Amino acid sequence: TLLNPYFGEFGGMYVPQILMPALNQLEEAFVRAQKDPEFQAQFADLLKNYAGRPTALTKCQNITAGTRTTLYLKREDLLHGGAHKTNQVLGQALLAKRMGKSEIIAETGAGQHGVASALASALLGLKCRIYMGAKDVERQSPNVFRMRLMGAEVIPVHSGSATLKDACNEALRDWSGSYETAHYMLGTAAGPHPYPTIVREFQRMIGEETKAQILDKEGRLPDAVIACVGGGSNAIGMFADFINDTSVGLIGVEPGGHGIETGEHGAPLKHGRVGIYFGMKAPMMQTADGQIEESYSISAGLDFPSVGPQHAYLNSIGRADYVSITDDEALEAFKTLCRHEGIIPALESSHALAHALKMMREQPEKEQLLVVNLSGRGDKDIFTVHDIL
């Protein structure tokens, strides 16, 4: 490979032999795209004029009242599509095109990755089929209607458990046959190399923008940048430019679900064991007998049962620290941001906010500059939040 597939011991390319030329075609394309100024220019242009970048860094005025914490929110909820998904989905479609591909294959749980592939496909003239589990289709039919409205074919997986792990599989099976004409648009900074590396580079503008904006506003770097971790793209998008700034802490928040102790959680990096699945060697949600199981969380967008290799590596060397937040701590932080700053956050990003609130509340005289990554808006979650209250 031209690039290292491993992040320490985490990573790899644990796929069937037949998919290995597809992954090496993809890595060659990417390395080449990276050196090409006009690739970059084309990607920048769509992010500005279509997607809405730079997004804003909002200083929270009211939520930090009576503590010594300054809190800034990186406004990925203001991105076209209403989630950071869009950044990388535009860069992978530009790449499918640069490789002469004409189709896109993708997988989903709660349809946000599906909707973002459908929208980048419709914009760039690629045909797009989305694999989504029948359990997920039944539950996420607003997002299904929306994917279909953008011209994408939605194929209901029924493989046993009919959830995202089954979707990911069937999507890889299809790409085994189609890889000459189709590109697989993988949803997070997980799976086989080069997807961990590709998805990160196509999300790193979140971190590069935060560094430039915080220095403009505050004249110094934050003390911590906080971001939730389903599979890890928004989190690694925020952390990447800060990794060499040893001064800046990087905290990743996994769904603690109903509580770690209950087992009903979605926190494999800190409470699952390493395994080899989804094409990578990484920590995951599994039984004592190596059968993989489902992540649980209040937010359906944090239900990937494993995490990106670069996160598991960053944890090992002690460079980033990973924490969990309960469903209930996330609901309270949802409610708090609504009521005090008039921003309805996504329940996924509420996990990261809830941690920054905890840090604040527990040590109210601690002077600290935090940046939370507000990764999506919560309009989809208002129905969920409405049965809960």
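In this text, residue numbers run from 1 along the sequence as written.
The question of which stretch, 79-87 or 93-101, has the higher mean Cα B factor is settled in favour of 93-101. As recorded in the PDB entry, 168-176 is the stretch of 168-176 and 261-269 with the greater mean C-alpha temperature factor. Comparing the listed residues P192, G133, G232, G256, the entry records the largest Cα B-factor for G133. Remark: of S141, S316, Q213, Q203, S141 shows the highest value [criterion: C-alpha B-factor in the PDB entry]. In this PDB entry, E367 carries a Cα temperature factor that places it within the middle third of its chain's modelled residues. Placement of the Cα temperature factor of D223 within the chain: middle third of the modelled residues, per the deposited record. Ranked by C-alpha B-factor against the other modelled residues of its chain, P54 falls in the lowest third.
When the CA B factors of the chain's modelled residues are split into thirds, the value for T163 lands in the highest one. Ranked within its chain, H351 lands in the lowest third, by CA B factor from the PDB record.
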